[PDB]
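**Student:** how would this look folded up:
(2 chains)
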Amino acid sequence: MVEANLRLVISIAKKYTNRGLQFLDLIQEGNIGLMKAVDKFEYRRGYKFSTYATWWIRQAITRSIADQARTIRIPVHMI
DNA sequence: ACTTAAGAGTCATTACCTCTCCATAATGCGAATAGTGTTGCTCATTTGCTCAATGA
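**Tutor:** Numbering: from 1, shown residues only, chains lettered A, B, ... in the order given. Below is the structure in question.
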């Protein structure tokens, strides 16, 4: 299930490119979020995979670029 | 068994003066931990003051 939606990870992380982080770091952290979405996925709500996986991939990419992008790190609640 | 081509690597002066320019984006909600305030308390530091011998 994980190695069939990596194209979804590169499709999400295509837009977060020039935000202070490398392109390969983004899709790596998106893969971490994709694994966390695979482990907690429920099929009985009719949705296929993508509407549940997109939120977790976007969350992992945003929490990656909110912390590991600057030296003087501001937490996400303060920013 | 040896001889020309392709590709990679590594340098190309010294010293000083002036100026500009060096960033933008998800939300929220408990859990848990670090931080700050409170009160009672002890301990080290210094200083004016006191007490005891002693010769003139």
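
**Student:** tell me, how many neighbours does residue A:24 end up with?
**Tutor:** 9 (other Cβ atoms under 10 Å). Placement of C-beta: from N, CA and C, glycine included.

**Student:** near DNA strand B, anything from the helix or strand encompassing residue A:61?
**Tutor:** Per DSSP states H and E: residue A:61 is located in helix A:50-65. Yes. Judged by Cβ under 7 Å from any atom of the strand, helix A:50-65 and DNA strand B are in contact via A:55, A:58, A:59, A:62, A:63.

**Student:** ok, residue A:41 - contacts?
**Tutor:** Residues in contact with residue A:41 (Cβ atoms under 8 Å, 6 or more residues apart in numbering) are A:49, A:52, A:53.

**Student:** What about those, which one has the most neighbours?
**Tutor:** Neighbour count (other Cβ under 10 Å) singles out residue A:53 as the most crowded of the contacts of residue A:41, with 23 neighbours.

**Student:** sorry, back to before: okay if I get the residues of helix A:50-65 next to DNA strand B as CSV plus distance to residue A:76 and neighbour count?
**Tutor:** Putting these into CSV (distance: Cβ to Cβ, whole Å; neighbours: other Cβ atoms under 10 Å) gives the following:
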residue, distance to residue A:76, neighbour count
A:55, 16, 11
A:58, 14, 16
A:59, 11, 15
A:62, 8, 15
A:63, 7, 14
